[PDB]
file coords_2.cif (mmCIF, C-alpha atoms)
data_structure
#
loop_
_atom_site.label_atom_id
_atom_site.label_comp_id
_atom_site.auth_asym_id
_atom_site.auth_seq_id
_atom_site.Cartn_x
_atom_site.Cartn_y
_atom_site.Cartn_z
CA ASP Z 3 144.32 80.71 176.29
CA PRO Z 4 140.52 80.33 176.55
CA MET Z 5 140.39 80.13 172.71
CA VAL Z 6 143.01 77.35 172.57
CA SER Z 7 141.22 75.58 175.52
CA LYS Z 8 137.78 74.85 173.94
CA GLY Z 9 138.94 72.42 171.28
CA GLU Z 10 141.75 71.09 173.47
CA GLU Z 11 139.30 70.11 176.10
CA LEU Z 12 137.41 67.84 173.70
CA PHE Z 13 140.57 65.73 173.18
CA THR Z 14 142.02 65.21 176.65
CA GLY Z 15 140.73 61.61 176.91
CA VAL Z 16 140.04 58.63 174.63
CA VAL Z 17 137.51 59.67 171.95
CA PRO Z 18 135.42 57.19 169.89
CA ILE Z 19 135.81 57.54 166.08
CA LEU Z 20 133.49 56.66 163.26
CA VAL Z 21 134.57 56.82 159.56
CA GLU Z 22 132.36 56.46 156.52
CA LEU Z 23 133.56 56.46 152.92
CA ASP Z 24 131.62 56.29 149.67
CA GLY Z 25 133.90 55.70 146.75
CA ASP Z 26 133.88 55.18 142.99
CA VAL Z 27 137.14 54.57 141.12
CA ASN Z 28 136.78 54.23 137.32
CA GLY Z 29 133.15 53.19 137.94
CA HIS Z 30 134.00 50.46 140.58
CA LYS Z 31 131.59 51.61 143.32
CA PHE Z 32 132.50 50.77 146.96
CA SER Z 33 131.73 51.74 150.54
CA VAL Z 34 133.86 51.42 153.65
CA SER Z 35 132.87 51.94 157.33
CA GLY Z 36 135.48 52.22 160.05
CA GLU Z 37 135.51 52.55 163.78
CA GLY Z 38 137.93 52.92 166.65
CA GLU Z 39 139.29 55.47 169.10
CA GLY Z 40 141.79 58.32 169.30
CA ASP Z 41 143.92 59.50 172.25
CA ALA Z 42 145.42 62.89 171.14
CA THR Z 43 147.32 63.22 174.39
CA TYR Z 44 149.60 60.38 173.07
CA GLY Z 45 148.87 61.08 169.33
CA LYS Z 46 147.47 57.56 169.07
CA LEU Z 47 144.70 56.13 166.87
CA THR Z 48 143.38 52.61 166.61
CA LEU Z 49 141.06 51.86 163.72
CA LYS Z 50 139.43 48.96 161.84
CA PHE Z 51 137.86 49.54 158.37
CA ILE Z 52 135.56 47.11 156.54
CA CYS Z 53 134.61 47.23 152.88
CA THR Z 54 130.81 46.71 153.12
CA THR Z 55 130.29 46.12 149.35
CA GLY Z 56 132.62 43.16 148.90
CA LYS Z 57 136.13 43.25 147.61
CA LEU Z 58 137.83 46.67 147.90
CA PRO Z 59 138.72 47.51 144.22
CA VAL Z 60 141.92 49.42 145.23
CA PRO Z 61 144.79 48.52 147.67
CA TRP Z 62 143.98 49.28 151.34
CA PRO Z 63 147.28 51.26 151.68
CA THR Z 64 146.15 53.76 149.06
CA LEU Z 65 143.28 54.83 151.28
CA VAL Z 66 145.18 55.21 154.59
CA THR Z 67 145.68 58.97 154.20
CA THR Z 68 141.99 59.47 153.30
CA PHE Z 69 140.68 57.44 156.34
CA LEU Z 71 142.00 62.52 161.43
CA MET Z 72 144.60 65.23 162.02
CA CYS Z 73 142.74 66.49 165.11
CA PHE Z 74 144.25 63.50 166.95
CA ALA Z 75 147.91 64.69 166.47
CA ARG Z 76 149.77 65.29 169.66
CA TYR Z 77 150.74 69.02 169.63
CA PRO Z 78 153.44 69.58 172.27
CA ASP Z 79 152.52 72.25 174.85
CA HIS Z 80 155.13 74.53 173.24
CA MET Z 81 153.18 74.30 169.95
CA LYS Z 82 149.61 74.51 171.18
CA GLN Z 83 148.95 77.81 169.34
CA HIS Z 84 149.54 75.97 166.03
CA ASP Z 85 146.81 73.30 166.25
CA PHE Z 86 144.20 74.46 163.69
CA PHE Z 87 142.47 71.04 163.76
CA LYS Z 88 141.28 71.05 167.35
CA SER Z 89 140.67 74.83 167.20
CA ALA Z 90 137.97 74.18 164.55
CA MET Z 91 136.09 71.67 166.89
CA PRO Z 92 133.43 70.78 167.69
CA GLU Z 93 131.80 72.28 164.58
CA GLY Z 94 134.60 70.68 162.54
CA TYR Z 95 136.47 71.22 159.27
CA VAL Z 96 136.24 70.19 155.67
CA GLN Z 97 139.38 68.28 154.39
CA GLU Z 98 139.77 68.13 150.60
CA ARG Z 99 142.49 66.42 148.58
CA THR Z 100 143.63 65.55 145.17
CA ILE Z 101 146.08 62.60 145.18
CA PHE Z 102 147.99 61.90 141.96
CA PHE Z 103 149.30 58.37 141.54
CA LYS Z 104 152.51 58.53 139.34
CA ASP Z 105 151.79 57.03 135.89
CA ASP Z 106 148.14 56.28 136.93
CA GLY Z 107 144.91 57.90 138.02
CA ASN Z 108 144.01 60.30 140.74
CA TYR Z 109 141.72 60.41 143.74
CA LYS Z 110 139.70 63.52 144.62
CA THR Z 111 138.27 63.47 148.16
CA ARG Z 112 135.98 65.72 150.22
CA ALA Z 113 135.55 64.98 153.91
CA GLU Z 114 133.79 66.58 156.88
CA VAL Z 115 135.39 65.92 160.30
CA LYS Z 116 133.32 66.99 163.26
CA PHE Z 117 131.74 65.76 166.51
CA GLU Z 118 128.29 63.94 166.53
CA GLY Z 119 127.73 63.88 170.27
CA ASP Z 120 130.83 62.27 171.92
CA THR Z 121 131.92 60.56 168.67
CA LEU Z 122 134.39 62.15 166.22
CA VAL Z 123 133.06 61.51 162.67
CA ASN Z 124 135.00 61.58 159.37
CA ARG Z 125 132.50 61.32 156.42
CA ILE Z 126 134.23 61.08 153.09
CA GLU Z 127 133.29 60.99 149.40
CA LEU Z 128 136.08 59.78 147.02
CA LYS Z 129 136.13 59.87 143.18
CA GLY Z 130 138.95 58.19 141.22
CA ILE Z 131 139.47 58.84 137.52
CA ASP Z 132 141.83 57.85 134.75
CA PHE Z 133 143.12 54.59 136.41
CA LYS Z 134 144.59 51.79 134.46
CA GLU Z 135 142.63 48.56 134.97
CA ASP Z 136 145.92 46.61 134.99
CA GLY Z 137 147.86 49.33 136.84
CA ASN Z 138 149.31 49.10 140.36
CA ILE Z 139 146.13 50.42 141.96
CA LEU Z 140 143.27 48.64 140.29
CA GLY Z 141 145.63 45.62 139.71
CA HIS Z 142 146.38 45.34 143.49
CA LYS Z 143 150.23 45.37 142.98
CA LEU Z 144 151.10 47.16 146.28
CA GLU Z 145 152.57 45.64 149.45
CA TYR Z 146 150.31 45.61 152.50
CA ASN Z 147 152.53 47.90 154.61
CA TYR Z 148 153.27 51.62 155.08
CA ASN Z 149 156.21 53.95 155.43
CA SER Z 150 156.63 56.75 157.97
CA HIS Z 151 156.33 60.16 156.39
CA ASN Z 152 156.32 63.86 157.71
CA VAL Z 153 153.35 66.03 156.47
CA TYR Z 154 154.05 69.86 156.07
CA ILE Z 155 151.33 72.14 157.32
CA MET Z 156 151.10 75.73 156.20
CA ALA Z 157 148.57 78.51 156.95
CA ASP Z 158 146.11 79.29 154.12
CA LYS Z 159 144.83 82.71 155.22
CA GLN Z 160 142.68 83.22 152.14
CA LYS Z 161 140.71 80.13 153.12
CA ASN Z 162 140.73 80.78 156.87
CA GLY Z 163 142.41 77.37 157.11
CA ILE Z 164 145.50 75.37 156.21
CA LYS Z 165 147.12 73.70 153.25
CA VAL Z 166 149.09 70.53 153.27
CA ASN Z 167 151.39 69.10 150.81
CA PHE Z 168 153.16 65.69 150.92
CA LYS Z 169 154.29 62.60 149.03
CA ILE Z 170 153.66 59.00 149.97
CA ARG Z 171 155.80 56.15 148.70
CA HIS Z 172 153.94 52.78 148.53
CA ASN Z 173 156.40 49.85 148.27
CA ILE Z 174 155.90 47.44 145.43
CA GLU Z 175 156.16 43.69 145.01
CA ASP Z 176 159.58 44.16 143.06
CA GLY Z 177 161.55 47.05 144.76
CA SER Z 178 159.93 49.86 142.81
CA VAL Z 179 157.71 52.36 144.54
CA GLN Z 180 154.34 53.77 143.60
CA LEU Z 181 154.32 57.50 144.34
CA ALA Z 182 151.11 59.21 145.58
CA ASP Z 183 151.45 63.01 145.42
CA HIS Z 184 149.02 64.63 147.89
CA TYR Z 185 147.53 68.13 147.76
CA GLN Z 186 145.28 69.10 150.68
CA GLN Z 187 143.35 72.07 152.06
CA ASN Z 188 141.26 72.30 155.24
CA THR Z 189 138.72 75.01 156.19
CA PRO Z 190 136.43 75.30 159.19
CA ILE Z 191 132.84 74.42 158.98
CA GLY Z 192 131.93 77.10 161.58
CA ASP Z 193 132.24 80.83 161.56
CA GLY Z 194 134.20 81.57 164.63
CA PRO Z 195 137.86 82.11 165.54
CA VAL Z 196 140.32 79.40 164.55
CA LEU Z 197 144.12 79.16 164.83
CA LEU Z 198 146.26 80.12 161.81
CA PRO Z 199 149.52 78.25 162.44
CA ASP Z 200 153.08 79.08 161.58
CA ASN Z 201 154.62 76.37 159.26
CA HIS Z 202 155.29 73.06 161.01
CA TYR Z 203 154.98 69.38 160.33
CA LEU Z 204 153.23 66.35 161.64
CA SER Z 205 155.25 63.09 161.93
CA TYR Z 206 153.26 60.00 160.95
CA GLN Z 207 153.77 56.32 161.60
CA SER Z 208 151.29 53.78 160.41
CA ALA Z 209 150.98 50.02 160.89
CA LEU Z 210 148.56 47.86 158.94
CA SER Z 211 147.29 44.47 160.00
CA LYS Z 212 144.40 42.01 159.78
CA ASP Z 213 141.81 40.52 162.17
CA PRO Z 214 141.97 36.68 161.87
CA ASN Z 215 138.27 36.40 162.80
CA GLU Z 216 137.14 38.87 160.15
CA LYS Z 217 135.91 37.36 156.90
CA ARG Z 218 135.07 40.63 155.24
CA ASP Z 219 137.72 42.60 153.30
CA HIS Z 220 139.20 44.91 155.91
CA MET Z 221 142.14 46.83 157.33
CA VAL Z 222 143.30 47.34 160.91
CA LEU Z 223 145.26 50.59 161.20
CA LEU Z 224 147.45 51.81 164.16
CA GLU Z 225 148.79 55.41 163.67
CA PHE Z 226 150.96 57.66 165.83
CA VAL Z 227 151.19 61.31 164.96
CA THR Z 228 153.04 64.16 166.57
CA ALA Z 229 153.60 67.78 165.66
CA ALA Z 230 157.04 69.39 165.39
CA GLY Z 231 159.25 71.73 163.45
CA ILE Z 232 158.91 75.07 165.04
CA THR Z 233 161.89 74.46 167.38
#
call {"tool": "encode", "arguments": {"input": "coords_2.cif", "output": "structure tokens"}}
result
Amino acid sequence: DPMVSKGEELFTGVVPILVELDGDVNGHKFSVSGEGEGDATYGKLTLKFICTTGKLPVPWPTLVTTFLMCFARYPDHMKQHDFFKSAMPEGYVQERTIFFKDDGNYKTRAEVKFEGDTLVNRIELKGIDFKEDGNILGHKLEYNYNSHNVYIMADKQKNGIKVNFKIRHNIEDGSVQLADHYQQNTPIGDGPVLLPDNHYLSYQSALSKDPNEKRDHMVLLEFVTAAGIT
């Protein structure tokens, strides 16, 4: 499929990744830069993020979903369902609202596209209505992350996809902090993209630290594979 081959070809090897985020949550302004690599053939990403403005004012785990669906491994049997690589290299816009149960929300707008050989994710994040002493701005979340499937559906009206899913962030005391995610993606360019049948992506994420890093930071290892059209 010469259509399906263009974007696929850009991901057959290890691809360098750059992430930039400008954030403000209840007026706490912050920036984060991240860098690493993606290997879509194995659905693997390796990333390190640094808060370049000091202390991150929210828990690292709450930003994991905001900080690259084009690196999912789509099995060969599902290659006609990979909107994300079909939109490359011109890229796609990824927008979310994320509602934290009994707290504020994030609203994010990102552009994901190639700049030369590097895949870039540039994000702007606004958070409103957070409780200063809540789980988010009070840093009450465990530094860890649960595996979750993500349900992708076609969004024909937007020439794109929509994505719905819930994240459960474990808490200090056995409770969970729910983060209800609403997402839509649309191509940046004007040409043909794939409109997939419904399927999911399976996510696993592992968070760690660099012992030599004195800045506030997060090392992220993710594995993501598509499934669910059997």
call {"tool": "resolve_selection", "arguments": {"input": "coords_2.cif", "expression": "the PyMOL selection byres ((chain Z and resi 63-73) around 6)", "output": "ChimeraX atom specification"}}
result
/Z:61-62,74-75,87-88
call {"tool": "write_last_selection", "arguments": {"input": "coords_2.cif", "atoms": "C-alpha atoms", "output": "short mmCIF file (atom, residue, chain, number, x, y, z; two decimals), in the frame of the given file"}}
result
data_model
loop_
_atom_site.label_atom_id
_atom_site.label_comp_id
_atom_site.auth_asym_id
_atom_site.auth_seq_id
_atom_site.Cartn_x
_atom_site.Cartn_y
_atom_site.Cartn_z
CA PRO Z 61 144.79 48.52 147.67
CA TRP Z 62 143.98 49.28 151.34
CA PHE Z 74 144.25 63.50 166.95
CA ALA Z 75 147.91 64.69 166.47
CA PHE Z 87 142.47 71.04 163.76
CA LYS Z 88 141.28 71.05 167.35
#
call {"tool": "atom_distance", "arguments": {"input": "coords_2.cif", "atom1": "CA of residue 212 (chain Z)", "atom2": "CA of residue 142 (chain Z)"}}
result
16.7 Å
call {"tool": "atom_distance", "arguments": {"input": "coords_2.cif", "atom1": "CA of residue 124 (chain Z)", "atom2": "CA of residue 230 (chain Z)"}}
result
24.1 Å
call {"tool": "closest_residue", "arguments": {"input": "coords_2.cif", "among": "Z:178, Z:215, Z:188, Z:152", "to": "residue 99 (chain Z)", "atoms": "all atoms listed in the file"}}
result
Z:188
call {"tool": "resolve_selection", "arguments": {"input": "coords_2.cif", "expression": "the PyMOL selection byres ((chain Z and resi 167) around 12)", "output": "MDAnalysis selection string"}}
result
chainID Z and resid 98:102 151:158 164:166 168:170 182:188 201:204
call {"tool": "resolve_selection", "arguments": {"input": "coords_2.cif", "expression": "the PyMOL selection byres ((chain Z and resi 50) around 6)", "output": "list in words"}}
result
residues 36, 37, 49, 51, 221 and 222 of chain Z
call {"tool": "closest_residue", "arguments": {"input": "coords_2.cif", "among": "Z:56, Z:130, Z:25, Z:9", "to": "residue 218 (chain Z)", "atoms": "all atoms listed in the file"}}
result
Z:56
call {"tool": "atom_distance", "arguments": {"input": "coords_2.cif", "atom1": "CA of residue 173 (chain Z)", "atom2": "CA of residue 111 (chain Z)"}}
result
22.7 Å
call {"tool": "closest_residue", "arguments": {"input": "coords_2.cif", "among": "Z:177, Z:190, Z:18, Z:141", "to": "residue 115 (chain Z)", "atoms": "all atoms listed in the file"}}
result
Z:190
call {"tool": "residues_around", "arguments": {"input": "coords_2.cif", "residues": "residue 197 (chain Z)", "least_positions_apart": "6", "cutoff": "7 Å", "atoms": "all atoms listed in the file", "output": "count of residues only"}}
result
5
call {"tool": "closest_residue", "arguments": {"input": "coords_2.cif", "among": "Z:112, Z:198, Z:210, Z:143", "to": "residue 160 (chain Z)", "atoms": "only C-alpha atoms"}}
result
Z:198
